[PDB]
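Peer 1: One structure follows; several queries about it will come next.
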Amino acid sequence: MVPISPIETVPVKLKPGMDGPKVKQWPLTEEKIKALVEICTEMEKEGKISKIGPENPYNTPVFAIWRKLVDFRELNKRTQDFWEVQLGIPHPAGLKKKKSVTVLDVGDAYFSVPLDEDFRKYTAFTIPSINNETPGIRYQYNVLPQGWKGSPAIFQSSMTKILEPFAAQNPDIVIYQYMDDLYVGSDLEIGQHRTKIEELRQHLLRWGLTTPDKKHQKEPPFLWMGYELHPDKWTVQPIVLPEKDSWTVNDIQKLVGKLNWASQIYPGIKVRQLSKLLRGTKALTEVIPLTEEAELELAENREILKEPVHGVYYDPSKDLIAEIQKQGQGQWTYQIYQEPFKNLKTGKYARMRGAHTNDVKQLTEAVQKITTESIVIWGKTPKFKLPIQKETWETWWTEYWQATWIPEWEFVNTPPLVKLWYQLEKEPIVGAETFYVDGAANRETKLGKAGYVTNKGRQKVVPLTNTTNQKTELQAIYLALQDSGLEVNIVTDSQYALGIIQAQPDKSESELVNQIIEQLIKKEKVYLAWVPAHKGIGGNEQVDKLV
Amino acid sequence: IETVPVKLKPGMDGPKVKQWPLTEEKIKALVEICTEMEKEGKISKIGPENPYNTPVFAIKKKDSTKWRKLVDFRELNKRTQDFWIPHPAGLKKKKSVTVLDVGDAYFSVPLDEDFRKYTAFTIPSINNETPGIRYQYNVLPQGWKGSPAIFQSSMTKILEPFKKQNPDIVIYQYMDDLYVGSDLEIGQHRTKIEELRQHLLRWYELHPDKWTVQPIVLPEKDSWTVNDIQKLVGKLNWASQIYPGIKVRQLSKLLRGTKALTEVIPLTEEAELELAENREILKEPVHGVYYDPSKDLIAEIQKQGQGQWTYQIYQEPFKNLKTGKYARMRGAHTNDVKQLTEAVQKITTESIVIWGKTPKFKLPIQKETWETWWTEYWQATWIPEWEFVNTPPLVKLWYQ
Ligand SMILES: Cc1c(Oc2ccccc2OCCn2ccc(=O)[nH]c2=O)cc(N(C)C(=O)CCl)c2ccc(C#N)cc12
């Protein structure tokens with residue numbers, strides 16, 4: 001017999017202060033008992049389990065469907081935490097084209113990884129005897145049980161330690177481990193590739209691990225986690241948008257799931273309206289009517305999802321490019337590619353929940369998202385193509401009160417272009433009328449007044465029903481914008497209004513703010529000055545609006 | 001040569017912080033560095049039974065082309081038991097202070113056996129292809145608060161001759177940094193620094209004297225417009241929260257009526273007297289401003305434009321312990337985030353020299369931008385805490 005190298009065991013403990021599981025065995029039928037006796041007899045003959053005496057106080061229920069199935073949920077609740085087997089799943093666009101990719105089945109190695117001796121007593125289980133007239137057969141696991149908490153992590157760690165020297169001494173190949181399957185790619189000649197595959201089978205056999213000589217069942221196109229992986233390209237598994245006369249809540253969640261999933265390769269997918277219909281529902285069976293906007297959006301989705309689109313694999317020798325387009329209503333779409341017209345992948349970005357926003361902020365956020373995604377997938381920041389002029393960005397970041405930055409980028413003329421819609425002056429405007437504005441409201445009756453007095457004697461006070469102080473302050477500024485020329489100075493005491501306008505929004509939830517924005521767009525020069533209220537600053541008439 | 005028992009605070013588990021993504025060059029740099037450290041026994045690979053993790057990344061210090069390994073021990077530091085020196089109040093009063101990196105000395109002292117599993121970190125893989133290279137420390141790690149506490153005795157033994165030789169030189173230690181303050185000449189200071197580094201070998205010019213607290217100043221004009229007077233009343237009204245006797249009624253008296261903003265208003269005599277009294281009041285220090293070692297230090301930064309930044313360190317509102325203006329230009333003329341990050345580092349250093357601890361920052365930047373880019377320009381061995389302000393503060397120009 002050729003000596004088999006031992007696999008190092010991982011020391012395992014239970015959670016602090018807890019004890020091993022002690023669960024009552026399920027009563028089983030006579031046939032199920034016989035099946036489990038045969039299966040456990042074979043497994044004991046193979047070494048996966050061992051018989052134990054009555055001293056072991058722990059027990060885990062067993063079932064059969066034959067096939068044995070041990071329910072380790074309690075022991076899992078009582079087992080220590082392990083380092084996550086995988087932090088995330090890879091993305092196909094990060095893979096690098098290989099001339100040859102082979103699949104090896106290391107499933108028989110799963111039951112060949114030993115379990116820590118001092119922990120085996122916690123895996124004890126009992127087979128009930130026929131008519132319960134004898135003590136049930138007591139077993140414990142000697143290897144990693146499937147369904148136990150630490151089996152995938154310990155298995156992947158052991159396999160990684162086994163594969164480390166082979167991968168080190170063969171840098172011209174690539175080995176990947178996923179569940180009980182290995183994937184070995186190389187650009188070598190097919191003969192050399194099969195040769196090194198045989199070498200890997202031998203190196204794995206030096207630990208007693210058997211890879212089947214049978215030709216594996218997996219073969220291109222590889223279907224994996226909703227993906228199609230081909231020798232030269234990748235895509236998503238076919239996305240079919242169903243034809244529904246009426247759409248319920250689960251139909252809209254499945255449609256937005258298919259659209260979110262398909263958006264990573266299909267450019268231009270929009271999910272704003274369809275997801276908007278699911279806002280604040282919390283009812284799975286509720287039937288919600290479809291808005292016209294959701295109908296046009298769904299039609300555009302069916303037009304985009306008409307024919308299949310594929311993504312290419314990553315070539316590290318070429319530059320990485322990411323191009324962004326604005327879609328309106330806070331929607332953004334982007335393509336990441338290296339060669340024109342051949343996308344590595346695509347995606348979308350929706351604006352965050354906010355009361356006020358502008359296009360430049362959203363474009364910046366999207367750039368940050370694409371940057372993080374690209375560092376994840378490819379390990380580098382891409383060069384950007386953005387629909388915004390260089391001078392626009394320069395004005396924005398030079399004048400913005402917050403620090404901001406986007407990495408290396410170039411302007412691409414693809415409307416709609418992100419632009420600054422208004423710019424407040426830094427100094428008062430000579431020759432322009434000065435509007436001292438103010439507003440006020442009663443907290444009980446919700447009655448208020450908003451208005452202005454100017455240096456030329458122009459005045460206005462308007463009474464308002466069902467309003468607040470902040471609303472009357474904004475309304476005052478709006479009135480001043482309405483009745484003034486193309487250049488105007490505006491004086492207010494509203495720290496609230498200044499807080500809104502200094503954030504430079506181009507869209508808002510409040511229709512009043514949006515009206516103020518529309519007035520600002522029409523102006524040539526606007527200087528907005530702030531003063532403290534109730535300090536006797538003349539012109540600023542608090543008593544005029546509190547009548 | 002002998003391990004000291006180290007434990008965590010009662011009821012707290014080890015740190016379990018997600019490793020953020022890294023570029024390929026940083027990953028490779030960490031692979032080389034950690035390979036070398038493993039050959040030196042400073043770290044060792046760990047198995048899946050270790051669930052704890054602390055983030056790691058790579059930087060490049062000043063005047064160097066070699067990569068350096070940075071570990072974000074903030075969570076482990078706040079979860080590590082409190083170790084137990086009064087802060088040298090004369091370090092900030094010294095003429096010059098030099099910062100030295102003594103982090104290599106920690107690697108000669110082994111780490112407590114049972115505590116090593118809490119120092120676990122992960123070199124990540126691109127695209128989650130491999131599980132990531134997992135390590136734990138066997139010696140005192142750089143960045144952990146227990147390293148200077150444990151090494152304090154040996155450091156006293158090494159610095160005892162130099163301290164006995166020069167009683168006029170102040171020596172302070174914070175994390176992996178050694179602050180050496182004196183009053184000598186720049187050349188004599190540099191030769192003395194080489195003397196101390198060769199003294200430490202066989203076993204950053206900073207001038208706090210050129211730093212003072214900044215007063216509130218008011219304009220001096222011969223002619224005031226309506227806008228000028230309005231801004232002045234605004235700034236005086238803001239300053240009245242800090243200074244009691246600030247009076248603005250005589251200046252607000254001039255703003256009576258609805259005049260154009262650019263119209264020149266002559267000051268009355270009462271307004272001149274009021275303004276002069278307010279100047280005299282602003283020339284005095286703030287009443288009842290003390291430091292409390294039990295409270296956090298809060299630092300606020302405002303972006304003033306043209307590479308200028310303002311900052312205030314305080315503990316209670318309107319009770320500033322420090323104020324300053326960082327306008328230095330060092331290869332960051334086109335990058336706001338790099339400027340902000342350098343400013344945060346300098347303010348943290350000043351706070352370390354003055355109080356011996358780092359402040360909590362309020363940063364004028366969106367969370368996503370900062371968290372995306374701040375590691376790109378970080379050069380210090382420590383990391384402070386920070387939060388993000390999304391509403392433009394009105395007081396910005398009042399610090400300009
Ligand atoms: C074939 C396969 C993976 O491929 C590779 C394996 C080894 C080296 C390079 C590879 O990819 C290069 C790109 N490529 C892809 C297919 C092809 O024919 N030619 C080609 O060049 C990668 C996977 N992922 C995503 C992994 O995280 C590795 Cl476990 C797989 C996952 C599941 C399945 C199944 N069934 C199969 C997987």
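Peer 1: Residues of B:362-373, mean number of Cβ from any other protein chain within 10 Å of their own Cβ, rounded to a whole number? Could you put the intermediate results ahead of the total?
Peer 2: On the way: counts 0, 2, 5, 4, 8, 1, 8, 10, 5, 2, 10, 8.
Taking the mean over all residues of the peptide, I get 5.
Peer 1: Rounded to the nearest 0.05, what FRET efficiency is calculated for A:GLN253 and A:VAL309 with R0 set to 30 Å and r the Cβ-Cβ distance?
Peer 2: 0.80
Peer 1: With a Förster radius of 45 Å, plug the Cβ-Cβ distance of A:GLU74 and B:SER64 into 1/(1 + (r/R0)^6) and report the FRET value to the nearest 0.05.
Peer 2: Details: r = 55 Å, r/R0 = 1.22.
Here the calculated transfer efficiency is 0.25.
Peer 1: If one computes P(r) from the Cα atoms of the range B:32-169, what percent of pairs lie at distances over 25 Å?
Peer 2: Value for the range B:32-169: 38 percent of Cα pairs lie more than 25 Å apart.
Peer 1: Based on the mean of other beta carbon atoms within 10 Å per residue, what is the order of A:233-239, B:5-11, most packed first?
Peer 2: A:233-239, B:5-11
Peer 1: Treat the count of other C-beta atoms within 10 Å as a stand-in for reagent exposure and order B:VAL226, B:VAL233 from fewest to most. Provide the component values of the computation, followed by the final result.
Peer 2: Values: B:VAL226 27, B:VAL233 21.
Exposure proxy ranking, most exposed first: B:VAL233, B:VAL226.
Peer 1: Separate question: Given axes a ≥ b ≥ c from the Cα gyration tensor, I'd like to know whether the range B:349-397 is rounded (a/c under 1.5), prolate (a/b larger than b/c) or oblate. Each step should come with its number before you reach the end.
Peer 2: Details: a/c = 2.53, a/b = 1.25, b/c = 2.02.
It is oblate, given that a/c is not under 1.5 and a/b is not larger than b/c.
Peer 1: Which whole-number percent of Cα pairs in the range A:315-421 have a distance greater than 23 Å?
Peer 2: Working: 1398 of 5671 pairs.
Tail of the P(r) past 23 Å holds 25 percent of the pairs.
Peer 1: Out of residues 5 or more away from A:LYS525 or on other chains, whose amide H comes under 5 Å of its own, with H placed 1.01 Å from N in the peptide plane?
Peer 2: Residues meeting the criterion, in which the H sits 1.01 Å from N, are A:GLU487, A:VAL488.
Peer 1: Let me ask you something else. Over all Cα pairs of chain A, how is the pair count split among 20 Å bins, expressed in % and running from 0 up to the last occupied bin?
Peer 2: Histogramming chain A at 20 Å steps yields 16, 31, 30, 16, 6, 0 percent.
Peer 1: Can you order the peptides B:351-361, B:99-109, B:237-247 by their average number of other Cβ atoms within 10 Å per residue, highest first?
Peer 2: The packing order, highest mean first, is B:351-361, B:99-109, B:237-247.
Peer 1: Using the beta-carbon distance between B:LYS164 and B:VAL109 and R0 = 25 Å, what value does 1/(1 + (r/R0)^6) give for FRET efficiency, to the nearest 0.05?
Peer 2: After rounding to 0.05, the efficiency reads 0.60.
Peer 1: May I ask you to list the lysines whose Cα is less than 16 Å away from that of A:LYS45, ignoring any residue fewer than eight positions away on the same chain?
Peer 2: Output for A:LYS45: A:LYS68.
Peer 1: Distance check, please: which entries in B:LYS92/B:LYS362; B:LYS62/B:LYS210; A:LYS97/B:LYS18; A:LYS96/A:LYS233 exceed 20 angstrom between their Cα atoms?
Peer 2: Details: B:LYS92/B:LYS362 24 Å; B:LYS62/B:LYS210 22 Å; A:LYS97/B:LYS18 30 Å; A:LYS96/A:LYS233 10 Å.
Those over the limit are B:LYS92/B:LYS362; B:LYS62/B:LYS210; A:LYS97/B:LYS18.
Peer 1: Which shape class applies to the range A:422-547: rounded if a/c is under 1.5, otherwise prolate when a/b exceeds b/c and oblate if not, where a ≥ b ≥ c are the square roots of the Cα gyration tensor eigenvalues? Display every interim value, and only then the final one.
Peer 2: Values: a/c = 1.69, a/b = 1.21, b/c = 1.40.
It is oblate, given that a/c is not under 1.5 and a/b is not larger than b/c.
Peer 1: Quantify how much of the Cα-Cα distance distribution of the protein assembly as shown extends past 39 Å, in percent.
Peer 2: Summing the P(r) of the protein assembly as shown above 39 Å gives 60 percent of all pairs.
Peer 1: Something else about it: Can you list the HN-Hα couplings for the range A:501-515, worked out from phi with the Karplus curve (6.51, -1.76, 1.60; θ = phi - 60°), rounded to whole Hz and with x for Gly and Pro?
Peer 2: 5, 5, 6, 6, x, 10, 8, 8, 6, 6, 5, 5, 4, 4, 5
Peer 1: What pairs in B:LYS61/B:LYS319; B:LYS61/B:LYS303; B:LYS235/B:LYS259 have C-alpha atoms more than 27 Å from each other? Walk me through the intermediate numbers first.
Peer 2: Working: B:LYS61/B:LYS319 35 Å; B:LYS61/B:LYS303 25 Å; B:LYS235/B:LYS259 20 Å.
Table pairs above 27 Å Cα-Cα are B:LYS61/B:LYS319.
Peer 1: Right, next: Take peptides A:105-116, A:293-304, B:183-194 and line them up by average Cβ neighbours within 10 Å, highest first, as a rough protection proxy.
Peer 2: Final packing ranking: A:105-116, A:293-304, B:183-194.
Peer 1: Additional query: Tell me, in nm to one decimal, what length is gained between A:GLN515 and A:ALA167 on full extension, where the rule is 0.36 nm per residue of separation less the Cα-Cα distance? The partial results should precede the final answer.
Peer 2: Details: separation 348, 0.36 × 348 = 125.28 nm, distance 6.48 nm.
Gain on stretching A:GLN515 to A:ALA167: 118.8 nm.
Peer 1: Also, quick follow-up: Considering only chain A, what is the antiparallel percent among its DSSP beta bridges, to the nearest 5?
Peer 2: 75
Peer 1: While we're here: What distance in nm separates the two pseudo spin-label positions at A:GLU286 and A:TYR176, each 7 Å out from Cα along the beta-carbon direction?
Peer 2: With each label placed 7 Å out from Cα toward Cβ, I get 4.2 nm.
Peer 1: Okay, next question. Counting partner chain Cβ atoms within 10 Å of every residue's Cβ in B:15-27, what's the average? Don't skip to the end; give the middle numbers.
Peer 2: Numbers: counts 0, 2, 0, 2, 1, 3, 10, 3, 6, 5, 2, 2, 1.
Counting Cβ atoms of other protein chains within 10 Å of each residue's Cβ and averaging gives 3.
Peer 1: Ok, one more. So for the range A:221-314, Kirkwood radius off the Cα pairs, Stokes-Einstein at 20 °C and 1.002 mPa s: how many µm² s⁻¹?
Peer 2: My calculation gives 149 µm²/s for D.
Peer 1: For chain B, just run the numbers: alpha carbon Rg, then divide by 2.2 N^0.38 Å, N being how many residues it has. All intermediate terms of the calculation are to be shown ahead of the outcome.
Peer 2: Details: Rg = 25.4 Å, N = 400, 2.2 N^0.38 = 21.4 Å.
Chain B yields a ratio of 1.19.
Peer 1: Which entries of A:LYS348/A:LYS383; B:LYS283/B:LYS360; B:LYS325/B:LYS346; A:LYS196/A:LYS345; A:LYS361/A:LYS385 show an alpha-carbon separation above 22 angstrom in the structure shown?
Peer 2: B:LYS283/B:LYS360; A:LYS196/A:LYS345
Peer 1: Now, a different point. Apply the a/c threshold of 1.5 to the C-alpha gyration tensor of the range A:266-366 and tell me whether it is rounded, prolate or oblate.
Peer 2: Since a/c reaches 1.5 but b/c is at least a/b, the shape of the range A:266-366 is classed as oblate.
Peer 1: Where the Cα atoms of the range B:206-291 are projected onto their three principal axes, how long is each span, largest first, in whole Å?
Peer 2: Result for the range B:206-291: principal-axis Cα extents of 50, 27, 19 Å.
Peer 1: Additional query: At q = 0.11, 0.18, 0.23, 0.26 Å⁻¹, what is the log10 ratio I(q)/I(0) for the range B:1-82, with the Debye formula run over Cα points and no solvent?
Peer 2: -0.40, -1.00, -1.29, -1.34
Peer 1: Per residue of B:254-267, count partner chain C-beta atoms within 10 Å of its C-beta, then hand back the mean as an integer.
Peer 2: 6
When we count neighbours, we look across all protein chains shown, and the Cβ atoms used for this are built from the backbone with ideal geometry, even at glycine. Quick note: the coordinates plus some simple rules give every number you see, no bench work behind them.
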